[PDB]
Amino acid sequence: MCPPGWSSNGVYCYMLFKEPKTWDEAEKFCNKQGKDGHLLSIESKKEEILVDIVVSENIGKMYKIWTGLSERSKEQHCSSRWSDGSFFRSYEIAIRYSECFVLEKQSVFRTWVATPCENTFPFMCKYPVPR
């Protein structure tokens, strides 16, 4: 029993919004539509599939769509390891920081790709009717 225009899956309501925003703003936007709404989280291949298809039908084309996969900013606690030592000295052209993930039209919106949070892209909201 989801609002008009919204779709249902696994007793959850979902809606894709063709309104480009920042991770932060889209996330904020989703939390205003209904108690505990959020950028969509994807917990199964089946769900991943129910979302790309809702993207495919309601969003007029765009290369990326925001999902709620956010960086925890715990890097100093998540130090990677070489096939032995610790990953401190590093040397990459780490342009700007990309602490966000979105869905890529390239892979029919089924896969995730690390992207800059500040980028404006359509999004998919989600929330449970039982609050």
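All residue numbers refer to positions in the sequence shown, first residue = 1.
**Student:** Looking at the entry, does 35-43 or 93-101 show the higher mean C-alpha B-factor?
**Tutor:** That would be 93-101.
**Student:** Please work out which of 54-62 and 23-31 has the higher mean CA B-factor as recorded in the PDB entry.
**Tutor:** Here the higher of the two C-alpha B-factor means belongs to 54-62.
**Student:** Ranking every modelled residue in this chain by its Cα temperature factor as given in the entry, which third contains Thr67?
**Tutor:** It belongs to the lowest third of the chain when residues are ordered by C-alpha B-factor.
**Student:** Thinking about Cα B factors across the chain, which third does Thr115 belong to?
**Tutor:** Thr115: CA B-factor falls in the middle third of its chain.
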